[PDB]
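> Structure incoming, see below.
Rule-based calculations on the coordinates, nothing more; no lab input. Cβ atoms come from the backbone with ideal geometry, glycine included; neighbour counts cover every protein chain shown.
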Amino acid sequence: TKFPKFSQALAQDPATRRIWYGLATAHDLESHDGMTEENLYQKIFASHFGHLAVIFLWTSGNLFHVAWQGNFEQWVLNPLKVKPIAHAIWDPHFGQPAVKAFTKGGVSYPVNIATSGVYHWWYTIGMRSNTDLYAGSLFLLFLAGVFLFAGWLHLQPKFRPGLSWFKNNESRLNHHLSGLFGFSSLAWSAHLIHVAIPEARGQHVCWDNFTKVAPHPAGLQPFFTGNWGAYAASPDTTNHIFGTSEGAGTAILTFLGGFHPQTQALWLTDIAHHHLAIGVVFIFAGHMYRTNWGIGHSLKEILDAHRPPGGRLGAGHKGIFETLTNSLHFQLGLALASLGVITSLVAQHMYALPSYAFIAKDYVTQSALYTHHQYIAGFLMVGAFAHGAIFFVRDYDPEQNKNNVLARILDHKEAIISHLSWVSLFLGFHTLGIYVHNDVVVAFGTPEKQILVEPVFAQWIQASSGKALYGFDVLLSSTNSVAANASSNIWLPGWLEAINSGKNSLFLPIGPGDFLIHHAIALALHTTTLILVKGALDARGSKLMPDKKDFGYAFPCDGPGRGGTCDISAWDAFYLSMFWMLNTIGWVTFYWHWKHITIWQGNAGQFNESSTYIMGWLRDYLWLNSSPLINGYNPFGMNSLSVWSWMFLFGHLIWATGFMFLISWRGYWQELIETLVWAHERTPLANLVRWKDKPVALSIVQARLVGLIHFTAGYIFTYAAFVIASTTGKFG
Amino acid sequence: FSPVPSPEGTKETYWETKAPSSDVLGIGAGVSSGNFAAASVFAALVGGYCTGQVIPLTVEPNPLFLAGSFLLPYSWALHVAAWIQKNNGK
Amino acid sequence: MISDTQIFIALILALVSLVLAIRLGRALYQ
Amino acid sequence: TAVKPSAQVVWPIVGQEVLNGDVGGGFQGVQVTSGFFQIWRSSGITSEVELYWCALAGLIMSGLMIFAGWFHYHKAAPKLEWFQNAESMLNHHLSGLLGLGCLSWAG
Amino acid sequence: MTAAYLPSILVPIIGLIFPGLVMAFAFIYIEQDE
Amino acid sequence: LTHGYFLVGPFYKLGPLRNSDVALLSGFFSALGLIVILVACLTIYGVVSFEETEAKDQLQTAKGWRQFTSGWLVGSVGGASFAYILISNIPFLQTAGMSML
Amino acid sequence: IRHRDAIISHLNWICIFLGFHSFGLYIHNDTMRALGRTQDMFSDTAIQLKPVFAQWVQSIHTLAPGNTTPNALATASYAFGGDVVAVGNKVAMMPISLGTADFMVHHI
Amino acid sequence: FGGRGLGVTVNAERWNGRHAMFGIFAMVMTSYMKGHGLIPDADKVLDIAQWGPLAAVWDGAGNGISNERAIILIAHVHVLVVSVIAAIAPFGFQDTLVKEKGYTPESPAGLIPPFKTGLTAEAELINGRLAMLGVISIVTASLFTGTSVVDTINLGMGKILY
Ligand code: CLA
Ligand code: CLA
Ligand code: CLA
Ligand code: CLA
Ligand SMILES: CC1=CCCC(C)(C)[C@H]1/C=C/C(C)=C/C=C/C(C)=C/C=C/C=C(C)/C=C/C=C(C)/C=C/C1=C(C)CCCC1(C)C
Ligand SMILES: CC1=CCCC(C)(C)[C@H]1/C=C/C(C)=C/C=C/C(C)=C/C=C/C=C(C)/C=C/C=C(C)/C=C/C1=C(C)CCCC1(C)C
Ligand SMILES: CC1=CCCC(C)(C)[C@H]1/C=C/C(C)=C/C=C/C(C)=C/C=C/C=C(C)/C=C/C=C(C)/C=C/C1=C(C)CCCC1(C)C
Ligand code: SF4
């Protein structure tokens, strides 16, 4: 009767619905009873300190468990042969064959092999022993304590910031661009120059000696002279053995392009010069806005003045400044969309341009990292559109936004929604038609009648970057060209060496299978965008519910009248787009993984011929690669893939259990539960025990959420077990 | 929902006229349209010359030519300011 | 390698972090 | 034991004539699994001519049933008291339908 | 493993006693009128 | 006494250590572990369900439920202990009666 | 209709009991085989759940010719037991033995 | 909640003190008992086959718990079962771990409760506070010196134990 202390409506519900709804609304502070704007911003500030502390405790735990139970020093000696260890296993349910099967890694106890890549990251940035991994874990424990204390401190009466502080856009932008982005990039350039690069060259540099060991022989003298190019002299030779002094140069800021020939990773001096230049650019960017000294820009003035004089944007951005500042959901939507694009860039650029030593020979780590960050990308993108819908319902005032870009968006929302509908159908009809074309015509024994379109546009982009594989001579590919001649003295030789070796993933060769899967990805993107945009733009109202904004973001329906109104809320458009996000990330990661396992085996022609029809995807990718995974245990024994083999089935179970919540709805279950209430009250020796909360069937929206969670969790667990075990079992 | 703060010196810049008020030029609100137009051409020529002189980039570029090359994008903003001032009668 | 005493130092600092997390959680809870 | 039953042949149009597999007996067609061949051998058919006569008997019965449905709705429709004869209907459907069905088939 | 006794001490506590105690006290908290 | 007595048997015959020579000791400890958990279930139920009043003669009272839990704990330990003594000493009970065949 | 709560609550309990003790045996076996513990499984080579009643009925049906169906010469079906009937070297019918897997899938 | 005698209370002080006094006695006893080799077959490592995978300790060699540690754990199990019974079903005259909630709390002892030579609540608190301090001292000395706790008990007590 008092658990939802933030909601008196839920704390007076006498059913089990009160517990579920109290748990599901806990972080939605804006809707809690008696919430002012002061208190909303101060609780968000403190819980941001608590989230940071959770992130630092997670990082310290990974460092500690690797320092304690890992084989980091043995892996450091021989990184292509040793398999990195994550943490040890202590499970009293294990049989002795299970204990033996998990005792890999060169150790004497059962253990998990790490797929996260933290070994390659920590090796590249300097860590060499277990004792500096342990030093880093104690530093993160200290930082976690500092940020827990700061979160508590800024909830104290004297240290609680005012709303005038929380809405200072110009001071926060100046500090986050020049200090949080720019200066910490400059400090990371310092770490690479002072620690990572010297230890990549055999010289230990730690806190005990870093003040008496110069990064460069000349040493901060070329910097204070303008002889900056003296810092690029003598780069690491192509004979350099990473971690040792043999073949090592003295440069710290050289730009060479391409990959270190032995680690197959970007040069550490390219990375150090990257972070120095990013640091300078971002520090300059962080002096744009006026804070206290009369120079700089007002964000309000810039937004107000950008109305095109032709009038095509209406009033332009007048009033956008206040709309964005007052709406935390608008800020969240912008942040999540930006973050989603970046974690997709991280996934794309980290497989094509790896920065960590000896990674990209860890096919399991490479596959898991790509899959991980694309799924994170899809979740962040769905969340950005969800919080834009919450913005329109809750925070958007049509009268402070008269004839804005926002109001004019809502003014032509049917043009937007119908053209997404057309492009989704246009993509879907023909992409599926060509796939089914090739399927049918290959089935009849005639693969030469397939419709195989060459992806000439992307091949021309690859050639513009210097790929000499398709005989297009435009731009960099030509020996003589202004583009090619301009970069010749700096990065162009190493970039052409990197892009014209078929031994990496830089601009992988593409064909008709890549054309067809790219169009399928485009269809999936435009359809997920359709569902989310339609949810955001119809959130305030539609023709079925012209007053939809009076009911909120998440409500079950408006009843069976007017034909029926199931899934009419904007929340239900989040719900429906979650399936399409899962589908698109499935198509993306299936494509990435099949193309890479065929390349890593040496059999790229298997992808090239089988990817153009759907039976090729079914038998040559799912069916062919399932066999090491589903044989992790069998009536003849078990091996170390037994856990993924169990997770695989586990994933199939949760996913299917989600169907029960998604197909069967409330009325059936409430009537069953009433027969169970009767039976408990009439059974002797059992009616001595009474519920405090009346058992009820789950709510309509809650059941949608539970089915979505079960579906999504089954999706993640099944694919994770497959992508890790099939790549492990094959090693290729 | 609460008053949104802006830095002191914030003024209204919304315009529906032919050209924006000269206040949108900040510290350059009093410069004449002829002076922006001549600065526009000067920055364009000097910036283009300095950019051209270092198109094959070396490990030893002349720092004055690098710094002078930033005059080309700055000239775009200069001719926009010249149009604004000419249409405000300055 | 890591000594058990080093593990015990880590456990002390994590205990201090648990105490600070409880206090922050109580402050947020009001 | 050697020939695989097949009673469906496809036209050659878009390469679909690959479906006419080698089922045996100098024949190409889609293999059928409904067990009609074994029914016909149990009946004692032994020739395609008798299969044509069975096909004609089926067509004549089909014409008589569609005629009976039209006749008994549009020309001579029984009254409700005819349909509400459960004892008579059971007597005829046990004796006449099932009993003489079994006896005639036994013969 | 160094301090090898720690998993056999902490895993039963973290895996059984810790959830058993948070479930017991959460149950008390969610089922109290005041 | 009734519940603790029957609890020992399934744990002993079908538990993980059933084929070991320590099966009965494992069967008793696992049964006792279950009883300790069940006593906690009884205790938490008593705290939430019943408000404090003077009367102690009825089960559906806070004092009465506490008495029921005290009795059930002692009886379950006693019945599990009795089953342990009987199974430890009598070879018919250790098998399913299979000693006769 | 006037005791439909007693009918539906008892059927509901049976369906829960029978999903736990049929599909839960499969989950117990997945877990034991995955953990390396094949002596802890419900199987013929381990803890056995034999279908004794079905096996007994099969025994009676093989004994019936000449015993409880005295004028019959052979069994009603060779699925109950008896010979292997081969036609063109392919098995027509042969005894369908019942074991732990058959106990489990019949309770499924 | 915390009105049942939990938290920092004279009840909690007394109960923790009682356990600490017993703990000091037990540590002295275990140091003496192991020193004279009175723990049977202490060196032997318990077999996983007989005692299950719970026995595993994952050290460098053997990977099984020693018989001595198992015996000491069983002694603690014996007292813990007594403790659970005593909490849920206490003796009539016995003090209770949880209080009724309508109880009148006893006054805090302050720096020094009045000295009573006879067995009394005062003497129990004085000794209990001292023992809790002793447990902290013995652990810290064992940590800083680097010796085992058993040795620290012997060295503090002048090697009387063994
Ligand atoms: C001997 C009498 C007799 C027989 C054979 C049948 C047979 C049938 N009745 Mg019934 N019926 C009877 C008396 C009989 N009825 C009486 C007395 C009443 C009144 C109470 C009804 C009222 C009645 C109703 C209300 C309905 C039927 C229906 C049916 C058909 C059931 C579906 C089926 O199995 O057909 C398939 C099986 C077949 C064998 C197809 C046979 C087709 C013909 C008509 C069977 C008889 C042919 C002939 C006598 C044989 C000549 C043998 C000769 C070569 C020597 C079936 C044709 C149902 C139906 O489908 O209506 C059309 C239905 O709804 N009957
Ligand atoms: C120089 C001063 C400075 C600095 C360093 C910060 C720093 C921060 N502030 Mg800000 N803040 C400042 C001044 C400053 N503030 C001022 C002056 C004000 C008042 C106007 C505020 C008001 C303010 C508010 C109101 C809030 C913050 C918050 C935060 C934290 C943001 C969350 C976070 O950790 O992001 C870290 C971000 C980065 C490290 C950079 C982003 C990285 C991008 C996404 C890509 C990086 C890619 C790169 C390859 C990473 C590789 C990773 C590795 C594994 C390879 C962060 C610690 C929030 C917070 O969490 O509070 C505790 C918050 O709520 N600040
Ligand atoms: C395999 C499963 C599948 C398929 C094919 C589709 C297909 C489609 N969905 Mg659906 N959807 C699915 C699963 C699926 N969805 C699931 C599991 C969910 C989660 C609940 C959703 C949720 C969902 C939402 C919320 C939305 C869609 C939308 C769409 C459309 C997006 C693609 C498009 O625009 O053109 C592709 C067109 C096709 C694939 C049509 C195929 C062409 C047919 C087969 C022609 C064949 C004619 C043939 C002769 C018929 C024979 C009939 C026979 C009796 C004679 C399309 C109709 C969106 C939409 O309608 O926007 C326009 C939309 O808003 N879907
Ligand atoms: C894999 C998918 C899946 C699963 C597991 C279930 C499970 C269930 N359904 Mg559902 N259902 C599904 C799909 C599924 N359904 C779909 C797709 C539909 C769409 C039409 C429905 C529609 C539906 C209806 C309409 C009905 C059911 C009913 C049932 C129940 C049957 C009784 C039973 O077996 O209890 C035993 C429970 C199980 C077998 C679930 C698995 C449990 C196993 C044994 C492991 C347990 C592990 C253990 C708890 C772990 C504890 C520790 C952990 C907490 C940390 C059960 C809750 C019926 C019902 O509730 O009546 C009783 C019923 O009327 N379902
Ligand atoms: C989700 C969540 C909820 C609410 C909001 C929120 C707070 C922001 C958020 C945060 C959650 C967070 C951040 C949760 C953080 C949870 C943490 C950091 C838990 C750490 C626990 C460490 C323990 C119990 C170690 C104890 C070691 C001991 C006793 C060793 C002692 C010793 C040994 C043997 C050796 C030395 C001597 C002695 C002293 C004897
Ligand atoms: C729903 C909703 C309601 C209202 C509020 C809300 C939150 C704002 C909203 C959410 C909206 C959301 C979620 C919006 C999401 C928006 C997103 C994800 C926008 C993606 C933008 C990417 C761009 C413009 C890339 C440009 C790349 C270029 C130009 C590269 C160029 C090139 C270079 C430099 C190099 C290579 C060569 C070429 C190709 C020439
Ligand atoms: C049979 C049957 C036929 C028809 C159908 C049917 C009814 C369903 C079916 C019944 C089936 C069923 C369900 C039968 C169920 C039968 C059951 C569960 C019987 C339980 C008996 C418990 C005993 C004897 C406990 C004794 C404890 C003692 C002596 C205390 C000992 C201790 C104390 C405290 C004192 C100190 C010493 C120690 C040792 C410590
Ligand atoms: S949701 Fe359930 S209730 Fe609301 S309309 Fe659809 S069916 Fe009727």
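> Within the set of other residues whose C-beta is less than 14 Å from the C-beta of F:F50, count the net charge using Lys and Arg as +1 and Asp and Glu as -1.
Result for the local shell: -1.
> Which shape class applies to chain B: rounded if a/c is under 1.5, otherwise prolate when a/b exceeds b/c and oblate if not, where a ≥ b ≥ c are the square roots of the Cα gyration tensor eigenvalues?
It is oblate, given that a/c is not under 1.5 and a/b is not larger than b/c.
> Could I ask something else about it? May I have the convex hull volume per residue, in Å³, for the Cα set of chain G?
Output value, Cα hull per residue: 186 Å³.
> To check my understanding: the extent here is largest minus smallest coordinate of the Cα atoms along each principal axis. What are those three numbers for the stretch A:395-459, in Å, largest first?
On the principal axes, the stretch A:395-459 reaches 65, 26, 18 Å in Cα extent.
> Order these peptides, G:64-70, A:129-135, by their mean beta-carbon neighbour count within 10 angstrom, highest first.
Top of the packing list down: A:129-135, G:64-70.
> If packing is taken as the average count of other Cβ atoms within 10 Å, what order do E:21-33, D:33-45, A:159-171, A:312-324 fall into, highest mean first?
Most protected by this proxy first, the peptides run A:312-324, A:159-171, E:21-33, D:33-45.
> Follow-up question, since we're still on this one. Of the candidates D:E81, D:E48, D:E17, which one comes out as most mobile in a Gaussian network treatment of chain D with C-alpha springs shorter than 10 Å?
Among D:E81, D:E48, D:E17, the largest GNM mean-square fluctuation belongs to D:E81.
> Under 20 °C and 1.002 mPa s, how fast does the stretch A:290-432 diffuse according to Stokes-Einstein, given a Kirkwood radius computed over C-alpha pairs? Answer in µm²/s, whole number. Please report the intermediate quantities before stating the final value.
Numbers: Rh = 18.6 Å.
Approximately 115 µm²/s, per Stokes-Einstein.
> While we're here: Return the whole-Å distance between the Cα centroid of the stretch A:330-393 and the Cα centroid of the stretch D:1-27.
With the stretch A:330-393 and the stretch D:1-27 each reduced to a Cα centre, they are spaced 53 Å.
> Which of the trypsin sites (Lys or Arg not before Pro) across the stretch G:1-75 are loop residues per DSSP, with 13 or fewer other Cβ within 10 Å?
G:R2
> Go through the stretch A:381-455 and name the chymotrypsin sites (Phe, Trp or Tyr not before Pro) that are in a DSSP coil and have 16 or fewer other Cβ atoms within 10 Å of their Cβ.
Of the chymotrypsin sites (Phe, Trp or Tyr not before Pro), the ones in loops of the stretch A:381-455 whose Cβ has at most 16 other Cβ atoms within 10 Å are A:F444.
> How large is Rg/Rh for chain F, to two decimals, with Cα atoms and a Kirkwood Rh?
We get a ratio of 1.14 for chain F.
> Next question. Where in chain A are the DSSP H helices whose C-alpha atoms run 30 Å or more along the long axis and whose mean Kyte hydropathy is at least 0.0?
Span-like helices here: A:37-69, A:130-153, A:328-352, A:363-390, A:413-443, A:512-537, A:570-601, A:642-663, A:700-730.
> Still on this structure, I have one more. Measuring from the lowest to the highest alpha carbon on each principal axis, how far does the stretch A:100-212 reach, largest first, in angstroms?
60, 39, 26
> Ok, one more. Could you tell me the ratio Rg/Rh of chain A? Both radii from Cα atoms, Rh via Kirkwood.
Computed over Cα atoms, the ratio is 0.97.
> Helix D:48-70 sits at what angle to the longest principal axis of chain D, using alpha carbons and giving 0 to 90 degrees rounded to 10?
40 degrees
> In addition: In percent, what relative contact order does chain A have, based on Cα pairs under 8 Å that are 6 or more apart in sequence?
11 percent
> Can you check what the Kirkwood hydrodynamic radius comes to for chain H, Cα pairs only, in Å to one decimal?
One over the average 1/r among Cα pairs gives 18.9 Å for chain H.
> For the stretch A:552-698, take the alpha-carbon Rg, divide it by the Kirkwood Rh, and send me Rg/Rh.
Ratio of gyration radius to Kirkwood radius for the stretch A:552-698: 1.16.
> While we're looking at this one, here's another question. Under 17 Å between alpha carbons, and skipping anything fewer than 8 positions from H:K34 in its own chain: which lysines qualify?
H:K44, H:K159
> Still on this model: Percent of Cα-Cα pairs more than 63 Å apart in the protein assembly as shown, please.
It works out to 30 percent of all Cα pairs.
> OK, next. On a 0 to 90° scale, report how tilted helix F:62-89 is relative to the longest principal axis of chain F, with both axes built from alpha carbons and the result rounded to the nearest 10.
Approximately 10 degrees, to the nearest 10.
> Then there is this: Measure up A:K361/A:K503; A:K692/F:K63; A:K300/A:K549; A:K467/A:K595; F:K56/H:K101; B:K18/B:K86 against 22 Å on the Cα-Cα distance and list the ones that go over.
A:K300/A:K549
> Counting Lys and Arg as +1 and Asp and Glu as -1, what is the net charge of the other residues whose Cβ lies under 15 Å from the Cβ of A:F507? Don't jump to the answer; show the numbers that get you there.
Working: positive: A:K467, A:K503, A:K595; negative: A:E497, A:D514.
Counting the neighbours of A:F507, the net charge comes to +1.
> Starting from 0.36 nm per residue, how many nanometres of slack lie between A:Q331 and A:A686 once their C-alpha separation is accounted for?
So the chain would gain 122.4 nm between A:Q331 and A:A686.
> Largest first, please: the extent of the C-alpha atoms of the stretch D:13-107 along each principal axis, to the nearest Å.
Answer, in whole Å and largest first: 59, 37, 22 Å.
> List the trypsin sites (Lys or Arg not before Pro) within the stretch A:353-446 that fall in a DSSP loop (any state other than H, G, I, E or B) and whose Cβ has at most 14 other Cβ atoms within 10 Å.
Qualifying residues, ordered by number: A:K402.
> Further question on the same structure: What is the stretch A:39-176 by shape, rounded, prolate or oblate, if you read a ≥ b ≥ c off the alpha carbon gyration tensor as root eigenvalues and call it rounded for a/c under 1.5, prolate for a/b larger than b/c, and oblate otherwise? Spell out each step's value before the answer.
Numbers: a/c = 3.49, a/b = 2.30, b/c = 1.52.
Prolate shape, in that a/c is at least 1.5 and a/b is the bigger ratio.
> Per residue of C:15-23, what is the mean number of Cβ atoms on other protein chains within 10 angstrom of that residue's Cβ? Display every interim value, and only then the final one.
Details: counts 0, 6, 13, 3, 2, 10, 10, 2, 5.
Average neighbour count from other chains, rounded to a whole number: 6.
> Using alpha carbon centroids, what distance separates the stretch B:1-67 and the stretch A:32-52, in Å?
41 Å
> Another one. For chain G, what is the calculated [θ] at 222 nm in deg cm²/dmol (nearest 500), taking -39500 (n - 2.57) for each run of four or more DSSP H residues and dividing by its residue count? Intermediate results must be reported in sequence, preceding the final value.
Numbers: 4 runs with 49 residues, N = 108.
One gets -14000 deg cm²/dmol as the mean residue ellipticity at 222 nm.
> For peptide B:55-61, what's the mean number of Cβ atoms from other chains within 10 Å of each residue's Cβ?
Shielding by partners across B:55-61 averages 5.
> Before rounding to the nearest 500, sum -39500 (n - 2.57) across all DSSP H runs of length at least 4 in chain H and divide by the residue total; then give [θ] at 222 nm in deg cm²/dmol.
Computed mean residue ellipticity for chain H: -17500 deg cm²/dmol.
> How do the peptides A:668-680, A:527-539 rank, highest first, by the average count of neighbouring beta carbon atoms within 10 Å per residue?
Ranked from most to least packed, the peptides come out as A:527-539, A:668-680.
> Within 10 Å of each Cβ in peptide G:8-18, how many partner chain Cβ atoms are there on average? Round it to a whole number, please.
3
> So which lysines pass the test for F:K13, namely a Cα distance under 22 Å, with those fewer than 8 places away in the same chain ruled out?
G:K50
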